[PDB]
Amino acid sequence: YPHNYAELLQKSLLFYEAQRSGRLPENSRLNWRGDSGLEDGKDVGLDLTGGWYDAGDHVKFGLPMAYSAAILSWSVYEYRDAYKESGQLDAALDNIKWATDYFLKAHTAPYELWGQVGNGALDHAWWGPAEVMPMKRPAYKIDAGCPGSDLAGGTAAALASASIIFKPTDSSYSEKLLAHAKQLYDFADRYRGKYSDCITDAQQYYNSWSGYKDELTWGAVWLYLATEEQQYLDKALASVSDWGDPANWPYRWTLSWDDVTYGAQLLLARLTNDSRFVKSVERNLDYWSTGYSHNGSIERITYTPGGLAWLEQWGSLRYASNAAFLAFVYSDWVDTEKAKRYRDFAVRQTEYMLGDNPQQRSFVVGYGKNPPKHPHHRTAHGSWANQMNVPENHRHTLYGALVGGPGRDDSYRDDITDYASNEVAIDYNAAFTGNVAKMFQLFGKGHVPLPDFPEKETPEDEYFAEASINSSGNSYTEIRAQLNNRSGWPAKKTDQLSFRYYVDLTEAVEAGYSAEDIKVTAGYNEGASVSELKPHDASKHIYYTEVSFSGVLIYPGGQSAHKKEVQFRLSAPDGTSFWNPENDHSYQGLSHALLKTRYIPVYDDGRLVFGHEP
Ligand SMILES: OC[C@H]1O[C@@H](O[C@H]2[C@H](O)[C@@H](O)[C@H](O[C@H]3[C@H](O)[C@@H](O)[C@H](O)O[C@@H]3CO)O[C@@H]2CO)[C@H](O)[C@@H](O)[C@@H]1O
Ligand SMILES: [Ca+2]
Ligand SMILES: [Ca+2]
Ligand SMILES: [Cl-]
Ligand code: NA
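For the sequence shown, position 229 (counting from the first letter as 1) is numbered 236 according to my numbering, and the numbering increases by one without interruption.
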């Protein structure tokens, strides 16, 4: 595949745009995304709309969201020129601002931080697009009486790092970001505890495995980078004495949404040259790359036979990407032999997930050779039926998403249900996006992004009636109809859907009868009103019945949710024999089997959205 790292960077940022919750801007690039989560915060009296969905679900998990914004801002801080020359800087700022705007909303009071919207069990029990979520979406906070030093520190780091990269183009927004970062850090430092002991739902999805000591250091050093005030460097260095004996600092994991030790110590190593941080950074990157020498033995992470540095079963590519990013940053800082080894490690790991692997395929949706087609992602899939296997192929392309990827033997399945292979998440793409920026800097000379991209997707049929003839006679026709909302471009809730069923009364008028003599009556009925005949074209004796499910919510969210049924009969007076359905517009092609028909037009709030009128 002929790699284009400007296009890749453009796509990775487009994944974050696909993750947006809230009210979307008019110039949104993704026509298959619409407004969603508009009631977020209403249970607690607050506007908590916006931010990112975490993954293929619709929970806004504060700890990985803060981490993702912080790492995204970190790469803009390190590689601004790469973002600039690839044409992606405006997009990178716009996409980070979506998350930091949400943190500002969530940070309502100096010592209060909304850290989740959405309940994991309620959210994940339902498989459908964001715009038509039917369930309650409770909001959860930390505060001084139930704190969260990890969540609060990690969010302070996101605001502090973002404040740096926003200062050149929007200094008043930068000042606001920095003022909230200082308050959140004081919150984190003064009111100590793991946020998942207070937003207990988070224990089941984003548990604070490592505790908060790492976020305390991470927040303080980002505040130092963002202010150059010595007090923050001292606080960072003081917080490191709670890491204990430097000889026992962990080195067998990597930078991750839960453990930012690896980011903090790398930033402190550059600021201090203190051998405690240098050695700990090098133990970690040695372990990930050529092996960590005890002089006795060499200790090294598992590698797949295809060359992927393999931490564990879930989000394997995310881990190798996270490590590659630390390796790139270290390798631009210092001039040691290890810088070259780590730089080569980082490139090879990045080349693996871009296609240089045994599956001979890209692991970035919508990029490269044979990319994953079935990422585990509700809105991109576009189910109308609350089923992961309906439809059998995704309705939309989740461009830029890095999937979980292969197992330890390089095995991989492009399957919507295979969470290990095909999970996607904002933390998966965060360091990865920076790695792409660096690939552009190193190898992307002359790479330009895609113009006018993405093209708007052409919708399939979204609103339509399937209909069949119950019975027909020389004085009546009786119809079975199911009015469908299978929308996806974007999915939309509709509680004012209607259809019209048209007839030609020419044979009636010739027999001495008129529209007055035809009675329209409902039989089995899931909530529609059926009108008497109304004229469509009086000169030609064309009439219709308007069948309206006014106030009935219909939406692409399950087998019953997406359709409503009504059976209705049009009857001439008993004993007459003129009635003739064969010249009736909406009778055309109907059979005794329920089938979509283009001749029963469908209206939403009075607006024609499907089908043909006479
Ligand atoms: O406690 C010290 C030990 O730490 C180990 O690293 C842990 C990280 O600190 C922790 O953040 C990570 O949490 C993972 C979690 O295990 C996983 O289930 C979830 O999906 O992602 C989290 C974030 O990546 O767990 C690791 C491993 O336990 C060191 O590896 C170890 O050497 C050290 O003793
Ligand atoms: Ca932590
Ligand atoms: Ca007729
Ligand atoms: Cl349903
Ligand atoms: Na497919």
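In this text, a Cβ means the ideal position worked out from N, Cα and C, and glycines have one as well.
Beta-carbon gap between residue i and residue j smaller than 8 Å
i, j, result
"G441", "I171", "no"
"residue 706", "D417", "Only positions 8 to 621 of the chain appear in the structure, and residue 706 is not among them; the question remains open."
"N492", "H569", "yes"
"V616", "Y470", "yes"
"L361", "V371", "yes"
"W317", "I308", "yes"
"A73", "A165", "yes"
"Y8", "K445", "no"
"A535", "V573", "yes"
"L185", "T261", "no"
"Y550", "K541", "yes"
"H548", "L512", "yes"
"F575", "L504", "no"
"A169", "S80", "yes"
"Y508", "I525", "no"
"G314", "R368", "no"
"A132", "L230", "no"
"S479", "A600", "no"
Contact set for residue i: own chain, Cβ-Cβ below 6 Å, skip 5 residues either direction
i, result
"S390", "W134, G135 and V397"
"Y258", "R290, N291 and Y294"
"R350", "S338"
"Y419", "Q366, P413 and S428"
"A159", "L120, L191, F194 and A195"
"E514", "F585 and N587"
"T386", "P136 and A137"
"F173", "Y180 and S181"
"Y610", "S505"
Start-to-end residues for the alpha helix (DSSP H) that takes in residue i
i, result
"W121", "Run containing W121: none in the alpha helix (DSSP H); it sits in the beta strand (DSSP E), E119 to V124."
"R614", "Taken as a continuous stretch (DSSP letters only), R614 belongs to no alpha helix (DSSP H), being part of the beta strand (DSSP E) at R614 to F617."
"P71", "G69 to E92"
"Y213", "Where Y213 is concerned, there is no enclosing alpha helix (DSSP H), given that its DSSP letter is neither H nor E."
"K347", "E344 to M360"
"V228", "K220 to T234"
"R283", "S282 to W295"
"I476", "From DSSP, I476 is part of no alpha helix (DSSP H) but of the beta strand (DSSP E) over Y470 to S479."
"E182", "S178 to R197"
"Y109", "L96 to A113"
Residue environment, residue i, which counts as buried when at least 16 other CB atoms sit within 10 Å
i, result
"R40", "buried"
"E14", "buried"
"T176", "exposed"
"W216", "exposed"
"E138", "buried"
"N400", "exposed"
"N436", "buried"
"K347", "exposed"
"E430", "buried"
"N302", "exposed"
"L602", "exposed"
"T357", "buried"
"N481", "exposed"
"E589", "exposed"
"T207", "exposed"
"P580", "exposed"
"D157", "buried"
Cut-off 7 Å between Cβ atoms - residues of its own chain near residue i, not counting five sequence neighbours on either side
i, result
"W496", "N38, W39, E464, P466 and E469"
"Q272", "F284, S287 and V288"
"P621", "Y509, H543, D544, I549 and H592"
"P379", "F370, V372, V410, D421 and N429"
For residue i, the first and last residue of its enclosing beta strand (DSSP E)
i, result
"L262", "First-last for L262: undefined, no H or E at that position."
"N302", "Where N302 is concerned, there is no enclosing beta strand (DSSP E), given that its DSSP letter is neither H nor E."
"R487", "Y483 to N492"
"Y147", "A146 to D150"
"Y509", "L504 to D511"
"residue 633", "Outside the shown range of the chain, which is 8 to 621, sits residue 633, and nothing can be said about it."
"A427", "It is not in any beta strand (DSSP E) - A427 instead sits in the alpha helix (DSSP H) that spans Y426 to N429."
"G565", "From DSSP, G565 is part of no beta strand (DSSP E); its letter is neither H nor E."
Closer than 7 Å: residue i CB and nearest ligand 7 heavy atom
i, result
"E222", "Looking for ligand 7 in the displayed structure turns up nothing; the ligands present are ligand 1, ligand 2, ligand 3, ligand 4 and ligand 5."
Proximal residues to residue i (C-beta, below 8 Å), its chain only, five neighbours per side dropped
i, result
"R30", "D42, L45, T56 and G57"
Is it true that the segment 109-117 meets the segment 446-465, where meeting means three or more beta-carbon pairs spaced less than 8 Å apart?
As far as the Cβ criterion goes, the segment 109-117 does not touch the segment 446-465, which means the pair count is below three.
Any chance the segment 24-37 sits against the segment 59-67, with 3 or more Cβ pairs inside 8 Å?
Cβ pair count under 8 Å is three or more, so yes.
Should the segment 478-492 be called in touch with the segment 558-573, which here means at least 3 C-beta pairs below 8 Å?
Counting Cβ pairs under 8 Å, three or more are found: they touch.
Inter-stretch contact at 8 Å, needing at least 3 Cβ pairs: the segment 88-95 / the segment 445-454
Between the segment 88-95 and the segment 445-454, the count of Cβ pairs shorter than 8 Å is three or higher; the stretches touch.
Report yes or no: do three or more beta-carbon pairs, one from the segment 39-59 and one from the segment 102-113, lie closer than 8 Å?
Output reads yes: the segment 102-113 touches the segment 39-59.
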